[PDB]
């Protein structure tokens, strides 16, 4: 079973996290795709996906994901299991915390993808997020700006969860 992890990054934090996620899964189970360089239609090449995106400029997708968002309408994610992760800043942007993964999950689910890897809100403080579904985040949310001391344990916990939900 091959997992494709597709990310965008401006300041490198989501990329750093992507690499830890890859390591934590082990071997060559996860292949990384930076959408500054990767073709978006490679999303079709996997039945198991991990979508990484930080939120920028008070509620916007990271620029690589923003530029490719319209192309999601052309893809069929039916039959795929999709997980999400984001980096964000809950102190600076409490009204838009992790919006970007929420935006992406809404569209990918509309295009047939099935979300796995929902994540508790416990231990975050924010006002609003477009990433909430029935009181859980759509996926792992990291905050390297305020909570960098929690990132490693959070990733370990989530990868264990994903191994179960993906049926590895």
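Positions refer to the first chain, counted from 1.
In this entry, 119-127 shows the higher mean Cα temperature factor of the pair 119-127 and 46-54. Per-stretch averaging of Cα B factors for 89-97 and 72-80 places 72-80 on top.
Of the candidates 67, 112, 139, 59, the deposited coordinates give 112 the top C-alpha B factor. Looking at the C-alpha B-factors along this chain, the one for residue 28 belongs to the highest third. Remark: residue 41 belongs to the middle third of its chain, ranked by C-alpha B-factor as recorded. When all modelled residues of the chain are sorted by CA temperature factor, residue 147 is found within the middle third. In the PDB entry, residue 157 places in the highest third of its chain by CA B-factor.
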